[PDB]
Amino acid sequence: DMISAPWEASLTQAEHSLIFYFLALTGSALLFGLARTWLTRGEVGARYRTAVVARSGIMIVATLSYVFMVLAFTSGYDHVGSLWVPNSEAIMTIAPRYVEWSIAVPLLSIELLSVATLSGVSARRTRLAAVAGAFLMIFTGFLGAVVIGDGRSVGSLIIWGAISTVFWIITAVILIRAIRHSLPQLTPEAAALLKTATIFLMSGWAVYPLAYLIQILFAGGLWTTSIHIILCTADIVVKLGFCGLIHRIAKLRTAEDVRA
Amino acid sequence: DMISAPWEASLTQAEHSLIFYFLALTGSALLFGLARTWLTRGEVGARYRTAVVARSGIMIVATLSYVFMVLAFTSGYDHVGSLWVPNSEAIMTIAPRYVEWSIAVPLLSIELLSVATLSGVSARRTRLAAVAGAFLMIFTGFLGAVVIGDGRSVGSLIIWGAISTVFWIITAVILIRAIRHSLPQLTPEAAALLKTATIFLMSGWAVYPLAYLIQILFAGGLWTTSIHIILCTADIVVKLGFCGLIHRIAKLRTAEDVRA
Amino acid sequence: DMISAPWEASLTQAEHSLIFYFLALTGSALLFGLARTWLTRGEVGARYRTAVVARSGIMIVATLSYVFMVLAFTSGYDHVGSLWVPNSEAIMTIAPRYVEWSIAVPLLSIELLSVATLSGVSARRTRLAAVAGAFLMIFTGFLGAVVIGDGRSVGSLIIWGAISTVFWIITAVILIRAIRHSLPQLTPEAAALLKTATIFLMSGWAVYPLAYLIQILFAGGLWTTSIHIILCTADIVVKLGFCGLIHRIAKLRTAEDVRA
Amino acid sequence: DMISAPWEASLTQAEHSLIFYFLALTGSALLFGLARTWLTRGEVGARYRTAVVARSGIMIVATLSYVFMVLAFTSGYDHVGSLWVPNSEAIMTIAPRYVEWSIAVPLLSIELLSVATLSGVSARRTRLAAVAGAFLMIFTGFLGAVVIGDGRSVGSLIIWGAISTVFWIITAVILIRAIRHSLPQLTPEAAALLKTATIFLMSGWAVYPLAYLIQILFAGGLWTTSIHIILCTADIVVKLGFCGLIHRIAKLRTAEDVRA
Amino acid sequence: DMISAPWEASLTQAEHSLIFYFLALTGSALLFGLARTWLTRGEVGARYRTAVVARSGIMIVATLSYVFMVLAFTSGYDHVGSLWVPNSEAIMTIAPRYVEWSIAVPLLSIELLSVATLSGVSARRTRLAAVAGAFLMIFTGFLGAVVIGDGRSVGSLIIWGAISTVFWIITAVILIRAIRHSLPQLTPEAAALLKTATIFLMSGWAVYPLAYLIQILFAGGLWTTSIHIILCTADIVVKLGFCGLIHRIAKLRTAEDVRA
Ligand SMILES: *C/C=C(C)/C=C/C=C(C)/C=C/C1=C(C)CCCC1(C)C
Ligand SMILES: *C/C=C(C)/C=C/C=C(C)/C=C/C1=C(C)CCCC1(C)C
Ligand SMILES: *C/C=C(C)/C=C/C=C(C)/C=C/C1=C(C)CCCC1(C)C
Ligand SMILES: *C/C=C(C)/C=C/C=C(C)/C=C/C1=C(C)CCCC1(C)C
Ligand SMILES: *C/C=C(C)/C=C/C=C(C)/C=C/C1=C(C)CCCC1(C)C
């Protein structure tokens, strides 16, 4: 069949207000996350500096994405009466997220692995698989949702949703395997935290698919608003929550080593 | 009933001048506040680094908000004779404040708690309540004032004003409780300062509601000007004044620990 | 009576060239001043860090003001034949200075006081008076010159010129008093420098009123050009000259303390 | 003969989506590369600081280029029905790469040489030849592909392709010679890595010519998309991959010296 | 007589391509120069920190100038057939250089003097003369070439060319005198380098007048292209070459002092 695309829906003034607030709120929160990261980079040892590097990368990429989306949103809808009618630049209010996720879902994997205990081939092989898996999960989603069928084709969405979902599972398994192998070799406290971090990351990765279902199934202004609110909030929660948790695991691990 | 929205009023050239000066002055003052924060971050110990992190976050978010509002203001009113007539981008001269406050009212709570003495569950429980309470105070206000009724509906303003005000009290009580519990465990000097900081923060949070009353009751260019001047000044005073006070408390506390 | 405002005059191509060069030259010089400040912030002791903080603030605010004025100037005049005719954005080529001065005339006062010897109430009371006096000197000027009468009313200019001038004297007296009290307690060398710094600051503050007289008395393109050249040069000289002098005093004072 | 230029092709909405994603993804990845570089610059000794300087330069230049290309791309095609028709600014979506490569192909040469063992005239003479050779390889390509014939002339492309290719070989030989001379004087581990780095750099420099062949031979929207995807990916891989490898070599060399 | 100004010539697409590449290449190279400067500021002692300050200033000012010229160039010519016709904002593609040179020709003088041996009045008197001389050399050139006669008057160009040239000689003599006095008091190695630096700076200052001769004598698109290429290259060579040389002298002098 053929659903309308999420960036083709005219927005009521309320919906144009909500959609701006969450775009601006997310970009603001990610910029605070960047500043927190830089001000507290000294608390973590050089062994776990990959965490600092990843967290910074996630925040820098995500902050720019959300700046571009606020500017695209400002120039992507035109007021025509009581409604904001999408322009041609309206696709640049939702499509930039996939650019951000492409860099940030791989880095979140690397940031999780950084606190976990892995060495040699096992380390390298895990990282590459997790990066590769995560990137494809996102790129295949981008093809289905934006590129192929112009995001108006239900058939396309489903095929690439499935493909996307396969690469999710591949990627999830790899990260879950590695953490489980790494939990025994950690102090109880660390291993407790790293079990929580893994659950939080995987639970966060579960929300985003929901917003792809909206696109396959529902279509309208409220649904465009709901896709923004859902995805914006998920970013704020996952990117700020999980990255904080990993720094706690990494600060703890830093000290444990100093003890020894 | 139905009042006109604050961003729907045509401004006299005087009012368009005043409104710019205070938008630019506030953004300038907040940028100095950011630079002060970075140049003097070494005076505080790692125990109270949360203060540095919060203060930076408040200043970065607020500086961007006020940059966007000056640019929106520049492109949001069109001169038509002797008056500046608002465009559709004029709502982006007042609505960005709620994005800023959403991140900065929670952080001001965290910054106050950072100098106060609290630990364990009590700490976590207090912080989350204060963050959650503060965010809702702001978001409910944003719904009433901008999203619901397009900020033209007196009925909506009142309902969400009330709701907003409930979450204010919840949030205030939590912060006031915690400081009162924390005052005994501090040196007289510190506790003196932290009593002042609490009064200043709560007194500052009392001014902003005033500007919501203007919107419910009065409507016109002078009132749009008065809402900007009021809110801009309150930001400059609270954000620069209170954040300075907390660094003084945090610097003092840092030293006290050193002499122990 | 009535005079045309300084931003209502059509400019000859020569005058549009000169006026750009000095706007860009001043903003460039202030940006170098910022970089000098950051590269040489280590030469000053923590006792006089309120000089580094002030100097940075002056430079950051002034650099943004002059960026906005170059961009406003680029978009504020339209070429119509042989002359550049001012738009409605032309007022944003002169009005941003008052935003800059509002933050920078108070900070220059604080920066002077930082090297001088003041303690306790005397210190606090002096600083607040100097900040408050300096801000009102600028804001009252802004009312007379831009806000009240649209800067076309000779009567308004004179009233607020006078008011402005009252607050100048108040502010000057306070700063001059404090330095005179502080000169005896300093080493001869320092006190020599601090006497020069005070003269330079007060002499610099004398030039700016000249450009308000042009507005009261003369009107035309040559006069708009002369108001830019005068004010731009005064900024470059005062902001870069005086701030350098204070760092010399502050560096000297830092050493004196070390040798004790 | 004559071919349409790569920036003269109308793009399908899919192709306009793909082409944006890879422009934004590359600029995001290069910005992460910059942040990684600055967070990990302490791991390298002052002997090999040239590496840090080069890597930073590569990333700063490349990040700006790709920002300009995303903004040019946003303003360089106009939607006309089902297709995006190139404007006059469309040439600024492909031409900025040559500006980036002009600075970054020379620096990649310098970064390779920095870890290798070379001294005195031999060092200076090698660097200058490699810089000069690399710059001409790029500039001659820019003449053929953009400046001469407006990138529509097959004859021009071939002449400058050849010239370009001559300077490639000159440059390659010089870098390959120097590394071969340098491999014996390095520790086995280092020399292993530096052999890989040389292969990776030269292999990366082999991909870019492919995109020049497309231009000579094929012409159309899919080919414009294929030139972006090819060149964007090559940048991400070479700039992030090779620069990482050199830091590994540089970190290793740093330690080896510490041992001694 | 009368000649067309350099920014009044319509450019062929080739010439519009070349002129962009060199504007973007110069701005990119100056930004790398800034990053090099910051990454290697630790190699020089506090005695010669003026060098670091100058070099940074030169690079910051020049990088902004060339950003504002690439953006002016993008918005200063309109495609009209096969040619790019200059608009009104085309003078802002050549006039910003004089703003840059006004700050950077004085600083280059200060940077040369920083590594040379001068003290007391001789130092102060030399610096002020060199700064003053250099600024007037540039400003008088700006009057002749841009402001007076709109850069269309051969008579004006010649008068101010001559005046400009007088201040060049004054400035050159002062710098050459001081270096000659300073060469004896330096180690042979340092003095060798400082002799080269002086030749390089004065030789660089000789090229720029050539581009003023083009304007007096020749007029056309090729000549506009030749003025950009000449001036852009001269900036890249002088600003990056000379500033590097001075850091070498300054690093050497730093060490010499350490070994004493
Ligand atoms: C900071 C942003 C994060 C953590 C983003 C995560 C996004 C995903 C895990 C997306 C997953 C998807 C599927 C597995 C199926 C449908 C398409 C996607 C891309 C939304
Ligand atoms: C830096 C900005 C600060 C401290 C902002 C504070 C804002 C408030 C405390 C706002 C309170 C409100 C109410 C309790 C009722 C009406 C709606 C609000 C949001 C203005
Ligand atoms: C960095 C900028 C500085 C030091 C600006 C100083 C400006 C003044 C001292 C302005 C004084 C004025 C009067 C006392 C009367 C007329 C109005 C003013 C504001 C120009
Ligand atoms: C970071 C970017 C890099 C490493 C770019 C490298 C580009 C080249 C080695 C380009 C080579 C070319 C030829 C030898 C043939 C003609 C076309 C060129 C310029 C693409
Ligand atoms: C970084 C830029 C530099 C070193 C610029 C130097 C420019 C000059 C030395 C200009 C000299 C000129 C004359 C002496 C004659 C007339 C033309 C001028 C103004 C370009």
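Note: ideal-geometry Cβ built from the backbone for every residue, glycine included; neighbour counts use all protein chains shown. A short reminder: the numbers here are calculations on the coordinates, not readings from a lab.
Filter segment C:97-121 down to residues that are among the β-branched types (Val, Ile, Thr), more than 14 Å from chain B (Cβ to nearest Cβ) and surrounded by fewer than 23 Cβ atoms within 10 Å (Cβ to Cβ) and give me whichever is farthest from C:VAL52 (Cα to Cα). First the steps, then the outcome.
As a first pass, look at segment C:97-121 and keep what is among the β-branched types (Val, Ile, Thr): C:99, C:103, C:105, C:110, C:115, C:117, C:121.
Now drop any that are not more than 14 Å from chain B (Cβ to nearest Cβ), which leaves C:115, C:117, C:121.
This time we only want the ones that are surrounded by fewer than 23 Cβ atoms within 10 Å (Cβ to Cβ), so: C:117, C:121.
Working: C:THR117: 17, C:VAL121: 23 Å.
It comes out as C:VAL121.
So for segment D:73-93 (the condition being at the interface with another protein chain (Cβ under 9 Å from one of its Cβ atoms) and more than 25 Å from D:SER226 (Cβ to Cβ)), does at least one residue qualify?
The answer is no; no qualifying residue exists.
Right, E:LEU23: surrounded by fewer than 22 Cβ atoms within 10 Å (Cβ to Cβ) and not β-branched (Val, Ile, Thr) or not?
Values: surrounded by fewer than 22 Cβ atoms within 10 Å (Cβ to Cβ): no; not β-branched (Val, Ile, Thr): yes.
Judged against the criteria, E:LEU23 is not a match.
The conditions are (1) over 18 Å from the mean Cα position of the chain (by Cα); (2) closer than 30 Å to B:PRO184 by Cα, and B:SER82 fails exactly one of them. Which is it?
Evaluating B:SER82 over (1) over 18 Å from the mean Cα position of the chain (by Cα); (2) closer than 30 Å to B:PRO184 by Cα leaves (2) as the failure.
Looking only at segment A:217-228, count how many residues are assigned to a helix (DSSP H, G or I) and either buried (at least 18 other Cβ atoms within 10 Å of the Cβ) or within 16 Å of ligand 2 (Cβ to nearest atom) (or both). It would help to see each step written out before you state the result.
Going residue by residue through segment A:217-228, those that are assigned to a helix (DSSP H, G or I) are A:217, A:221-228.
Still in the running and either buried (at least 18 other Cβ atoms within 10 Å of the Cβ) or within 16 Å of ligand 2 (Cβ to nearest atom) (or both): A:221, A:223-228.
Number satisfying all stated conditions: 7.
Give the number of residues within segment C:164-188 that are closer than 24 Å to C:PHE218 by Cβ and crowded, with 17+ Cβ neighbours inside 10 Å. Please lay out each step first, then the result.
From segment C:164-188, those closer than 24 Å to C:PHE218 by Cβ are C:164-165, C:168; that's our starting set.
Now drop any that are not crowded, with 17+ Cβ neighbours inside 10 Å, which leaves C:164, C:168.
Residues meeting the conditions: 2.
Looking at (1) in contact with an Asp or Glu (Cβ under 9 Å, 6 or more places away or on another chain); (2) over 30 Å from B:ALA54 (Cα atoms); (3) surrounded by fewer than 21 Cβ atoms within 10 Å (Cβ to Cβ), which is the one condition that is false for A:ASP78?
(1)
Conditions (1) more than 9 Å from chain E (Cβ to nearest Cβ); (2) in contact with a helix residue (DSSP H, G or I) (Cβ under 7 Å, 6 or more places away or on another chain); (3) more than 23 Å from C:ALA62 (Cβ to Cβ), marked per residue:
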{"position": "C:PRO6", "(1), (2), (3)": "yes, yes, no"}
{"position": "C:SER10", "(1), (2), (3)": "yes, yes, yes"}
{"position": "C:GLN13", "(1), (2), (3)": "no, no, yes"}
{"position": "C:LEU18", "(1), (2), (3)": "no, yes, no"}
{"position": "C:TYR21", "(1), (2), (3)": "no, yes, no"}
{"position": "C:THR26", "(1), (2), (3)": "yes, yes, no"}
{"position": "C:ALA29", "(1), (2), (3)": "no, yes, no"}
{"position": "C:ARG36", "(1), (2), (3)": "no, yes, no"}
{"position": "C:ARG41", "(1), (2), (3)": "yes, yes, no"}
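For segment C:235-252, how many residues are in contact with a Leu (Cβ under 8 Å, 6 or more places away or on another chain) and more than 17 Å from C:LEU107 (Cα to Cα)?
Adding up the residues that qualify gives 2.
Quick check: anything in segment E:26-46 closer than 30 Å to E:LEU252 by Cβ and either touching a strand residue (DSSP E or B) at 6+ places or on another chain (Cβ under 6 Å) or of a type in the set (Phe, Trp, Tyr) (or both)? Steps first, answer last, please.
The initial filter retains those residues of segment E:26-46 that are closer than 30 Å to E:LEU252 by Cβ, namely E:26, E:28-46.
Imposing the further condition that a residue be either touching a strand residue (DSSP E or B) at 6+ places or on another chain (Cβ under 6 Å) or of a type in the set (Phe, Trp, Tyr) (or both) reduces the set to E:32, E:38.
Scanning segment E:26-46 turns up at least one residue that is closer than 30 Å to E:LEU252 by Cβ and either touching a strand residue (DSSP E or B) at 6+ places or on another chain (Cβ under 6 Å) or of a type in the set (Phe, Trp, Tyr) (or both).
Right, C:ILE170: in contact with a helix residue (DSSP H, G or I) (Cβ under 6 Å, 6 or more places away or on another chain) and in contact (Cβ under 8 Å) with a residue 60 or more places away in the chain or not? Break it down stepwise before answering.
Working: in contact with a helix residue (DSSP H, G or I) (Cβ under 6 Å, 6 or more places away or on another chain): yes; in contact (Cβ under 8 Å) with a residue 60 or more places away in the chain: no.
So C:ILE170 fails the test.
Quick one: in segment E:36-52, which of the residues that are among the aliphatic types (A, V, I, L, M) and crowded, with 22+ Cβ neighbours inside 10 Å is farthest from E:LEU108 (Cα to Cα)?
In the first step, residues of segment E:36-52 are kept if they are among the aliphatic types (A, V, I, L, M); the result is E:39, E:44, E:46, E:51-52.
Pick out the ones that are also crowded, with 22+ Cβ neighbours inside 10 Å and you get E:44, E:51-52.
Numbers: E:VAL44: 17, E:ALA51: 9, E:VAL52: 11 Å.
For segment E:36-52, the residue satisfying everything is E:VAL44.
Which of (1) of a type outside the set (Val, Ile, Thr); (2) under 20 Å from the mean Cα position of the chain (by Cα); (3) farther than 30 Å from D:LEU222 by Cα does D:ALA95 not meet, given it meets every other one?
Condition (3) is where D:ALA95 drops out.
With D:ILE236, D:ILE199, D:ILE246 as the choices, which residue is away from ligand 2 (no atom under 16 Å from the Cβ), within 14 Å of chain A (Cβ to nearest Cβ) and under 29 Å from D:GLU43 (Cβ atoms)? Break it down into steps so the answer makes sense when it comes.
Values: D:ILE199 fails: within 14 Å of chain A (Cβ to nearest Cβ); D:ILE246 fails: within 14 Å of chain A (Cβ to nearest Cβ).
Answer to the check: D:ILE236.
Evaluate segment C:179-191: report whether one residue or more is small (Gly, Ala, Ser), more than 22 Å from C:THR26 (Cβ to Cβ), free of Cβ contacts under 8 Å to residues at least 12 places away in the same chain and away from ligand 2 (no atom under 16 Å from the Cβ).
The initial filter retains those residues of segment C:179-191 that are small (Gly, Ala, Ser), namely C:182, C:190-191.
With more than 22 Å from C:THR26 (Cβ to Cβ) added as a condition, the list becomes C:182, C:190-191.
Still in the running and free of Cβ contacts under 8 Å to residues at least 12 places away in the same chain: C:191.
Imposing the further condition that a residue be away from ligand 2 (no atom under 16 Å from the Cβ) reduces the set to C:191.
Yes: segment C:179-191 contains one or more residues that are small (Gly, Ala, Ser), more than 22 Å from C:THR26 (Cβ to Cβ), free of Cβ contacts under 8 Å to residues at least 12 places away in the same chain and away from ligand 2 (no atom under 16 Å from the Cβ).
Would you tally the residues in segment D:48-91 being more than 18 Å from D:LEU18 (Cβ to Cβ), in a helix (DSSP H, G or I) and of a type in the set (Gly, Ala, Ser)?
Summing the residues that are more than 18 Å from D:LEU18 (Cβ to Cβ), in a helix (DSSP H, G or I) and of a type in the set (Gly, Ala, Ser) in segment D:48-91 gives 6.
Residue by residue, here is whether (1) surrounded by fewer than 16 Cβ atoms within 10 Å (Cβ to Cβ); (2) more than 14 Å from chain C (Cβ to nearest Cβ); (3) within 16 Å of ligand 3 (Cβ to nearest atom) holds:
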{"site": "E:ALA123", "(1), (2), (3)": "yes, yes, no"}
{"site": "E:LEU143", "(1), (2), (3)": "no, no, no"}
{"site": "E:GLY149", "(1), (2), (3)": "no, no, no"}
{"site": "E:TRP160", "(1), (2), (3)": "no, no, no"}
{"site": "E:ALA190", "(1), (2), (3)": "no, yes, no"}
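Contact list please: Cβ distance under 6 Å, first residue in segment A:113-133 and within 20 Å of A:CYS243 (Cβ to Cβ), second residue surrounded by fewer than 16 Cβ atoms within 10 Å (Cβ to Cβ) and aliphatic (A, V, I, L, M), pairs at least six apart or on different chains.
Note: no pairs meet the criteria.
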